[PDB]
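Enquirer: Data file data-v6.pdb (PDB, N, CA and C atoms) is appended below.
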MODEL        1
ATOM      1  N   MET X   1     -11.455  -6.585 -12.086
ATOM      2  CA  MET X   1     -10.025  -6.499 -11.709
ATOM      3  C   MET X   1      -9.390  -5.209 -12.276
ATOM      4  N   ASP X   2     -10.193  -4.128 -12.324
ATOM      5  CA  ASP X   2      -9.780  -2.819 -12.875
ATOM      6  C   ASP X   2      -8.644  -2.197 -12.047
ATOM      7  N   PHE X   3      -7.728  -1.500 -12.749
ATOM      8  CA  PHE X   3      -6.583  -0.778 -12.154
ATOM      9  C   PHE X   3      -7.082   0.214 -11.077
ATOM     10  N   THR X   4      -8.179   0.919 -11.415
ATOM     11  CA  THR X   4      -8.807   1.954 -10.580
ATOM     12  C   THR X   4      -9.257   1.397  -9.213
ATOM     13  N   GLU X   5      -9.878   0.195  -9.242
ATOM     14  CA  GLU X   5     -10.440  -0.445  -8.040
ATOM     15  C   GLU X   5      -9.317  -0.975  -7.146
ATOM     16  N   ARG X   6      -8.331  -1.641  -7.785
ATOM     17  CA  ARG X   6      -7.131  -2.183  -7.115
ATOM     18  C   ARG X   6      -6.416  -1.084  -6.292
ATOM     19  N   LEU X   7      -6.234   0.087  -6.940
ATOM     20  CA  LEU X   7      -5.536   1.246  -6.358
ATOM     21  C   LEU X   7      -6.343   1.813  -5.159
ATOM     22  N   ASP X   8      -7.679   1.871  -5.325
ATOM     23  CA  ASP X   8      -8.618   2.317  -4.275
ATOM     24  C   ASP X   8      -8.479   1.464  -3.000
ATOM     25  N   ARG X   9      -8.317   0.145  -3.202
ATOM     26  CA  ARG X   9      -8.164  -0.820  -2.103
ATOM     27  C   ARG X   9      -6.805  -0.638  -1.403
ATOM     28  N   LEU X  10      -5.756  -0.264  -2.181
ATOM     29  CA  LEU X  10      -4.403   0.033  -1.643
ATOM     30  C   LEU X  10      -4.454   1.168  -0.624
ATOM     31  N   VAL X  11      -5.128   2.253  -1.044
ATOM     32  CA  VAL X  11      -5.336   3.444  -0.226
ATOM     33  C   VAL X  11      -6.079   3.060   1.067
ATOM     34  N   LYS X  12      -7.082   2.174   0.937
ATOM     35  CA  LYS X  12      -7.864   1.675   2.079
ATOM     36  C   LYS X  12      -7.016   0.844   3.068
ATOM     37  N   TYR X  13      -6.182  -0.078   2.552
ATOM     38  CA  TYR X  13      -5.388  -0.997   3.396
ATOM     39  C   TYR X  13      -4.363  -0.212   4.220
ATOM     40  N   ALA X  14      -3.558   0.601   3.520
ATOM     41  CA  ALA X  14      -2.495   1.407   4.133
ATOM     42  C   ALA X  14      -3.063   2.491   5.083
ATOM     43  N   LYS X  15      -4.317   2.944   4.828
ATOM     44  CA  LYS X  15      -5.051   3.819   5.770
ATOM     45  C   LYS X  15      -5.312   3.092   7.092
ATOM     46  N   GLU X  16      -6.011   1.941   7.010
ATOM     47  CA  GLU X  16      -6.519   1.226   8.200
ATOM     48  C   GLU X  16      -5.384   0.623   9.048
ATOM     49  N   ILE X  17      -4.238   0.327   8.413
ATOM     50  CA  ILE X  17      -3.042  -0.170   9.116
ATOM     51  C   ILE X  17      -2.362   0.988   9.884
ATOM     52  N   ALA X  18      -2.142   2.137   9.199
ATOM     53  CA  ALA X  18      -1.559   3.353   9.827
ATOM     54  C   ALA X  18      -2.447   3.857  10.990
ATOM     55  N   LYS X  19      -3.761   3.749  10.772
ATOM     56  CA  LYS X  19      -4.823   4.105  11.731
ATOM     57  C   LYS X  19      -4.773   3.207  12.980
ATOM     58  N   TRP X  20      -4.581   1.898  12.737
ATOM     59  CA  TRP X  20      -4.547   0.866  13.785
ATOM     60  C   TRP X  20      -3.382   1.108  14.746
ATOM     61  N   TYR X  21      -2.171   1.181  14.170
ATOM     62  CA  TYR X  21      -0.929   1.361  14.932
ATOM     63  C   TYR X  21      -0.875   2.727  15.629
ATOM     64  N   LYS X  22      -1.566   3.731  15.057
ATOM     65  CA  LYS X  22      -1.707   5.071  15.665
ATOM     66  C   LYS X  22      -2.411   4.973  17.037
ATOM     67  N   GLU X  23      -3.492   4.170  17.079
ATOM     68  CA  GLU X  23      -4.269   3.919  18.308
ATOM     69  C   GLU X  23      -3.501   2.995  19.266
ATOM     70  N   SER X  24      -2.672   2.108  18.689
ATOM     71  CA  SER X  24      -1.884   1.120  19.446
ATOM     72  C   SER X  24      -0.608   1.748  20.065
ATOM     73  N   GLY X  25      -0.326   3.030  19.729
ATOM     74  CA  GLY X  25       0.822   3.762  20.290
ATOM     75  C   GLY X  25       2.130   3.475  19.567
ATOM     76  N   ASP X  26       2.050   3.367  18.237
ATOM     77  CA  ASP X  26       3.208   3.158  17.350
ATOM     78  C   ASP X  26       3.307   4.362  16.390
ATOM     79  N   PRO X  27       3.982   5.482  16.790
ATOM     80  CA  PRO X  27       4.064   6.705  15.949
ATOM     81  C   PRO X  27       4.896   6.483  14.667
ATOM     82  N   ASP X  28       6.046   5.791  14.813
ATOM     83  CA  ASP X  28       7.025   5.594  13.731
ATOM     84  C   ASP X  28       6.514   4.592  12.682
ATOM     85  N   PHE X  29       5.985   3.447  13.153
ATOM     86  CA  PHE X  29       5.495   2.371  12.274
ATOM     87  C   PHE X  29       4.245   2.841  11.508
ATOM     88  N   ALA X  30       3.321   3.522  12.223
ATOM     89  CA  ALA X  30       2.106   4.099  11.616
ATOM     90  C   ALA X  30       2.455   5.165  10.562
ATOM     91  N   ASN X  31       3.498   5.978  10.860
ATOM     92  CA  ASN X  31       4.038   6.992   9.927
ATOM     93  C   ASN X  31       4.609   6.316   8.673
ATOM     94  N   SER X  32       5.345   5.200   8.862
ATOM     95  CA  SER X  32       5.969   4.448   7.754
ATOM     96  C   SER X  32       4.910   3.904   6.776
ATOM     97  N   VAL X  33       3.795   3.402   7.339
ATOM     98  CA  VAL X  33       2.654   2.902   6.552
ATOM     99  C   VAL X  33       1.922   4.073   5.858
ATOM    100  N   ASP X  34       1.832   5.220   6.561
ATOM    101  CA  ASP X  34       1.210   6.455   6.037
ATOM    102  C   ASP X  34       2.086   7.094   4.935
ATOM    103  N   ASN X  35       3.397   6.806   4.969
ATOM    104  CA  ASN X  35       4.347   7.221   3.916
ATOM    105  C   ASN X  35       4.122   6.376   2.647
ATOM    106  N   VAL X  36       3.880   5.054   2.836
ATOM    107  CA  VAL X  36       3.492   4.139   1.740
ATOM    108  C   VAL X  36       2.146   4.609   1.150
ATOM    109  N   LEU X  37       1.235   4.989   2.061
ATOM    110  CA  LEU X  37      -0.114   5.472   1.761
ATOM    111  C   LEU X  37      -0.049   6.748   0.905
ATOM    112  N   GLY X  38       0.850   7.674   1.298
ATOM    113  CA  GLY X  38       1.075   8.921   0.567
ATOM    114  C   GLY X  38       1.633   8.699  -0.831
ATOM    115  N   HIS X  39       2.444   7.626  -0.994
ATOM    116  CA  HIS X  39       2.943   7.201  -2.316
ATOM    117  C   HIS X  39       1.780   6.664  -3.169
ATOM    118  N   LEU X  40       0.901   5.847  -2.541
ATOM    119  CA  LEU X  40      -0.265   5.208  -3.202
ATOM    120  C   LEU X  40      -1.276   6.262  -3.670
ATOM    121  N   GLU X  41      -1.443   7.293  -2.830
ATOM    122  CA  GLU X  41      -2.307   8.444  -3.093
ATOM    123  C   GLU X  41      -1.752   9.210  -4.315
ATOM    124  N   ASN X  42      -0.416   9.389  -4.318
ATOM    125  CA  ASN X  42       0.317  10.053  -5.408
ATOM    126  C   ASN X  42       0.301   9.225  -6.717
ATOM    127  N   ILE X  43       0.235   7.872  -6.614
ATOM    128  CA  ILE X  43       0.122   6.977  -7.797
ATOM    129  C   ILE X  43      -1.247   7.182  -8.455
ATOM    130  N   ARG X  44      -2.277   7.223  -7.590
ATOM    131  CA  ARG X  44      -3.682   7.363  -7.980
ATOM    132  C   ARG X  44      -3.876   8.660  -8.781
ATOM    133  N   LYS X  45      -3.258   9.742  -8.272
ATOM    134  CA  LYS X  45      -3.241  11.064  -8.917
ATOM    135  C   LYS X  45      -2.410  11.073 -10.216
ATOM    136  N   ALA X  46      -1.174  10.531 -10.170
ATOM    137  CA  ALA X  46      -0.219  10.582 -11.310
ATOM    138  C   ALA X  46      -0.784   9.870 -12.546
ATOM    139  N   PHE X  47      -1.363   8.690 -12.298
ATOM    140  CA  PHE X  47      -1.982   7.859 -13.330
ATOM    141  C   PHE X  47      -3.257   8.547 -13.865
ATOM    142  N   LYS X  48      -4.055   9.129 -12.936
ATOM    143  CA  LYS X  48      -5.292   9.886 -13.257
ATOM    144  C   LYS X  48      -5.004  11.073 -14.198
ATOM    145  N   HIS X  49      -3.861  11.740 -13.968
ATOM    146  CA  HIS X  49      -3.431  12.913 -14.750
ATOM    147  C   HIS X  49      -2.787  12.511 -16.100
ATOM    148  N   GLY X  50      -2.786  11.192 -16.401
ATOM    149  CA  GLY X  50      -2.299  10.663 -17.678
ATOM    150  C   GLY X  50      -0.783  10.591 -17.758
ATOM    151  N   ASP X  51      -0.138  10.306 -16.610
ATOM    152  CA  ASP X  51       1.326  10.147 -16.517
ATOM    153  C   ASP X  51       1.632   8.709 -16.021
ATOM    154  N   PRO X  52       1.746   7.712 -16.963
ATOM    155  CA  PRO X  52       2.053   6.305 -16.619
ATOM    156  C   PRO X  52       3.496   6.115 -16.118
ATOM    157  N   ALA X  53       4.441   6.914 -16.662
ATOM    158  CA  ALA X  53       5.879   6.832 -16.322
ATOM    159  C   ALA X  53       6.134   7.028 -14.812
ATOM    160  N   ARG X  54       5.692   8.186 -14.291
ATOM    161  CA  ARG X  54       5.821   8.531 -12.864
ATOM    162  C   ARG X  54       4.981   7.587 -11.995
ATOM    163  N   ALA X  55       3.835   7.113 -12.536
ATOM    164  CA  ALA X  55       2.974   6.138 -11.846
ATOM    165  C   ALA X  55       3.742   4.824 -11.593
ATOM    166  N   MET X  56       4.462   4.321 -12.634
ATOM    167  CA  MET X  56       5.242   3.060 -12.555
ATOM    168  C   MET X  56       6.414   3.199 -11.582
ATOM    169  N   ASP X  57       7.025   4.396 -11.593
ATOM    170  CA  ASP X  57       8.120   4.756 -10.692
ATOM    171  C   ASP X  57       7.644   4.670  -9.234
ATOM    172  N   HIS X  58       6.525   5.355  -8.945
ATOM    173  CA  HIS X  58       5.967   5.423  -7.589
ATOM    174  C   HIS X  58       5.541   4.020  -7.097
ATOM    175  N   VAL X  59       4.994   3.180  -8.015
ATOM    176  CA  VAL X  59       4.579   1.794  -7.697
ATOM    177  C   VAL X  59       5.797   0.926  -7.326
ATOM    178  N   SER X  60       6.863   0.960  -8.156
ATOM    179  CA  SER X  60       8.089   0.166  -7.919
ATOM    180  C   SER X  60       8.803   0.603  -6.622
ATOM    181  N   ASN X  61       8.734   1.917  -6.321
ATOM    182  CA  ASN X  61       9.245   2.478  -5.055
ATOM    183  C   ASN X  61       8.390   2.000  -3.857
ATOM    184  N   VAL X  62       7.068   1.793  -4.079
ATOM    185  CA  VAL X  62       6.175   1.205  -3.059
ATOM    186  C   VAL X  62       6.520  -0.285  -2.847
ATOM    187  N   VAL X  63       6.751  -1.053  -3.948
ATOM    188  CA  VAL X  63       7.080  -2.504  -3.873
ATOM    189  C   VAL X  63       8.375  -2.704  -3.050
ATOM    190  N   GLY X  64       9.329  -1.766  -3.254
ATOM    191  CA  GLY X  64      10.571  -1.717  -2.490
ATOM    192  C   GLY X  64      10.334  -1.408  -1.013
ATOM    193  N   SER X  65       9.470  -0.396  -0.727
ATOM    194  CA  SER X  65       9.134   0.022   0.656
ATOM    195  C   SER X  65       8.426  -1.109   1.428
ATOM    196  N   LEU X  66       7.532  -1.829   0.721
ATOM    197  CA  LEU X  66       6.748  -2.939   1.282
ATOM    198  C   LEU X  66       7.681  -4.071   1.704
ATOM    199  N   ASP X  67       8.618  -4.431   0.800
ATOM    200  CA  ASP X  67       9.621  -5.488   1.039
ATOM    201  C   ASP X  67      10.524  -5.127   2.234
ATOM    202  N   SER X  68      10.888  -3.834   2.315
ATOM    203  CA  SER X  68      11.730  -3.294   3.393
ATOM    204  C   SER X  68      11.026  -3.398   4.762
ATOM    205  N   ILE X  69       9.693  -3.230   4.760
ATOM    206  CA  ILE X  69       8.878  -3.350   5.974
ATOM    207  C   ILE X  69       8.633  -4.841   6.297
ATOM    208  N   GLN X  70       8.396  -5.679   5.256
ATOM    209  CA  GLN X  70       8.084  -7.133   5.402
ATOM    210  C   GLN X  70       9.210  -7.900   6.119
ATOM    211  N   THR X  71      10.458  -7.545   5.792
ATOM    212  CA  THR X  71      11.652  -8.164   6.389
ATOM    213  C   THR X  71      11.751  -7.832   7.898
ATOM    214  N   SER X  72      11.351  -6.601   8.265
ATOM    215  CA  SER X  72      11.271  -6.156   9.678
ATOM    216  C   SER X  72       9.901  -6.513  10.314
ATOM    217  N   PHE X  73       8.912  -6.889   9.472
ATOM    218  CA  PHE X  73       7.546  -7.261   9.910
ATOM    219  C   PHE X  73       7.576  -8.749  10.299
ATOM    220  N   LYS X  74       8.237  -8.998  11.430
ATOM    221  CA  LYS X  74       8.477 -10.341  11.980
ATOM    222  C   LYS X  74       7.216 -10.876  12.670
ATOM    223  N   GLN X  75       7.147 -12.223  12.778
ATOM    224  CA  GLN X  75       6.031 -12.964  13.416
ATOM    225  C   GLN X  75       4.697 -12.736  12.652
ATOM    226  N   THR X  76       3.575 -13.098  13.292
ATOM    227  CA  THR X  76       2.219 -12.790  12.819
ATOM    228  C   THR X  76       1.413 -12.265  14.023
ATOM    229  N   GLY X  77       1.326 -10.925  14.130
ATOM    230  CA  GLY X  77       0.688 -10.259  15.265
ATOM    231  C   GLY X  77      -0.828 -10.276  15.191
ATOM    232  N   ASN X  78      -1.415  -9.142  14.789
ATOM    233  CA  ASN X  78      -2.869  -8.994  14.636
ATOM    234  C   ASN X  78      -3.313  -9.666  13.325
ATOM    235  N   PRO X  79      -4.276 -10.658  13.372
ATOM    236  CA  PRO X  79      -4.801 -11.347  12.152
ATOM    237  C   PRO X  79      -5.368 -10.358  11.114
ATOM    238  N   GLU X  80      -5.899  -9.239  11.638
ATOM    239  CA  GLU X  80      -6.468  -8.138  10.850
ATOM    240  C   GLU X  80      -5.385  -7.553   9.938
ATOM    241  N   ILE X  81      -4.278  -7.102  10.563
ATOM    242  CA  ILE X  81      -3.194  -6.374   9.877
ATOM    243  C   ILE X  81      -2.364  -7.322   8.997
ATOM    244  N   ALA X  82      -2.229  -8.586   9.442
ATOM    245  CA  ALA X  82      -1.520  -9.635   8.691
ATOM    246  C   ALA X  82      -2.182  -9.844   7.319
ATOM    247  N   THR X  83      -3.534  -9.935   7.330
ATOM    248  CA  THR X  83      -4.336 -10.053   6.105
ATOM    249  C   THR X  83      -4.309  -8.746   5.282
ATOM    250  N   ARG X  84      -4.503  -7.572   5.940
ATOM    251  CA  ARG X  84      -4.557  -6.247   5.253
ATOM    252  C   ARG X  84      -3.244  -5.943   4.502
ATOM    253  N   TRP X  85      -2.113  -6.362   5.104
ATOM    254  CA  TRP X  85      -0.769  -6.150   4.542
ATOM    255  C   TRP X  85      -0.468  -7.198   3.452
ATOM    256  N   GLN X  86      -0.973  -8.440   3.640
ATOM    257  CA  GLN X  86      -0.854  -9.519   2.628
ATOM    258  C   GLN X  86      -1.583  -9.109   1.339
ATOM    259  N   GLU X  87      -2.796  -8.566   1.543
ATOM    260  CA  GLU X  87      -3.607  -7.950   0.502
ATOM    261  C   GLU X  87      -2.809  -6.812  -0.163
ATOM    262  N   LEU X  88      -2.373  -5.825   0.660
ATOM    263  CA  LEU X  88      -1.687  -4.595   0.203
ATOM    264  C   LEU X  88      -0.494  -4.904  -0.726
ATOM    265  N   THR X  89       0.408  -5.789  -0.255
ATOM    266  CA  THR X  89       1.639  -6.154  -0.973
ATOM    267  C   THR X  89       1.326  -6.814  -2.331
ATOM    268  N   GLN X  90       0.423  -7.821  -2.300
ATOM    269  CA  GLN X  90       0.025  -8.576  -3.497
ATOM    270  C   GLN X  90      -0.624  -7.650  -4.530
ATOM    271  N   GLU X  91      -1.543  -6.797  -4.043
ATOM    272  CA  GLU X  91      -2.313  -5.889  -4.884
ATOM    273  C   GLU X  91      -1.397  -4.863  -5.579
ATOM    274  N   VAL X  92      -0.428  -4.256  -4.845
ATOM    275  CA  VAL X  92       0.530  -3.280  -5.436
ATOM    276  C   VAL X  92       1.300  -3.922  -6.616
ATOM    277  N   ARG X  93       1.676  -5.203  -6.443
ATOM    278  CA  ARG X  93       2.371  -5.979  -7.486
ATOM    279  C   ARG X  93       1.417  -6.349  -8.653
ATOM    280  N   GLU X  94       0.092  -6.394  -8.388
ATOM    281  CA  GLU X  94      -0.940  -6.555  -9.442
ATOM    282  C   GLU X  94      -1.020  -5.283 -10.315
ATOM    283  N   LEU X  95      -0.934  -4.087  -9.675
ATOM    284  CA  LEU X  95      -0.862  -2.788 -10.399
ATOM    285  C   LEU X  95       0.415  -2.735 -11.263
ATOM    286  N   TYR X  96       1.518  -3.200 -10.656
ATOM    287  CA  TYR X  96       2.839  -3.285 -11.295
ATOM    288  C   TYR X  96       2.789  -4.220 -12.525
ATOM    289  N   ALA X  97       1.986  -5.298 -12.406
ATOM    290  CA  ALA X  97       1.735  -6.265 -13.496
ATOM    291  C   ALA X  97       0.800  -5.676 -14.574
ATOM    292  N   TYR X  98      -0.054  -4.708 -14.176
ATOM    293  CA  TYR X  98      -0.951  -3.975 -15.107
ATOM    294  C   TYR X  98      -0.200  -2.870 -15.862
ATOM    295  N   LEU X  99       0.954  -2.462 -15.319
ATOM    296  CA  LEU X  99       1.771  -1.384 -15.884
ATOM    297  C   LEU X  99       2.846  -1.968 -16.829
ATOM    298  N   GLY X 100       3.808  -2.717 -16.269
ATOM    299  CA  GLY X 100       4.944  -3.239 -17.042
ATOM    300  C   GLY X 100       5.564  -4.487 -16.425
TER     301      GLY X 100
ENDMDL
END
Output the structure of this file as structure tokens.

Expert:
Amino acid sequence: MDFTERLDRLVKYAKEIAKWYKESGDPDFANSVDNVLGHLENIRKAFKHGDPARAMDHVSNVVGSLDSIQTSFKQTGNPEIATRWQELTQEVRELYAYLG
């Protein structure tokens, strides 16, 4: 349950979701997930460079972004993306629990 592995899986989930909607013809929604992805990528780097403060900031800003998407993420569409996003949200809050 290492911080490093959890973060790696975040990058994977937000990749495959942005990738999915890109093929499905959703430019804005795929971009929004890729923006979360870019934050996750930046967390991975910030923490790696020995900066926990900015890492915690970027994580809490991701938890906020996820919640903002979840409220607009109505119904249960693709079983694939429903699980990948359920994973993504829970896991980011696991990193947040590993931080503070």

Enquirer: Name the residues in contact with residue 32 in chain X at a cut-off of 8 Å, using all atoms listed in the file, excluding same-chain residues fewer than 6 positions from it; report them as a list in words.

Expert: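 That gives residues 18, 26 and 38 of chain X.
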
Enquirer: Can you write out as a tab-separated table which residues of range 14-60 of chain X fall within 8 Å of range 64-73 of chain X, alongside each residue's closest atom pair and its distance in Å to one decimal, counting all atoms listed in the file and ordering rows by chain and ascending residue number?

Expert:
residue	atom	partner	partner_atom	distance
X:36	CA	X:65	CA	7.1
X:58	C	X:64	N	7.9
X:59	C	X:64	N	6.0
X:60	C	X:64	N	4.2

Enquirer: Hey, which of X:4, X:76, X:83, X:42 ends up closest to residue 16 in chain X? Count only C-alpha atoms.

Expert: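 For residue 16 in chain X, the nearest of the candidates is X:83.
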
Enquirer: To one decimal place in Å, what is the distance between atom N of residue 29 in chain X and CA of residue 47 in chain X?

Expert: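 Separation of atom N of residue 29 in chain X and CA of residue 47 in chain X: 28.0 Å.
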
Enquirer: Calculate how many Å separate CA of residue 91 in chain X from CA of residue 17 in chain X, rounding to one decimal.

Expert: 15.1 Å

Enquirer: Using only C-alpha atoms for the distances, tell me which of X:92, X:97, X:33, X:63 is nearest to residue 10 in chain X.

Expert: X:92

Enquirer: Let me make sure I understand: among X:62, X:74, X:80, X:87, which one has the smallest atom-to-atom distance to residue 41 in chain X if we use only C-alpha atoms?

Expert: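 So, comparing all the options, the nearest one is X:62.
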
Enquirer: Could you please determine the separation between CA of residue 8 in chain X and atom N of residue 49 in chain X in Å, to one decimal place?

Expert: 14.3 Å

Enquirer: For residue 11 in chain X, which residue among X:28, X:88, X:75, X:50 is the nearest when counting all atoms listed in the file?

Expert: X:88
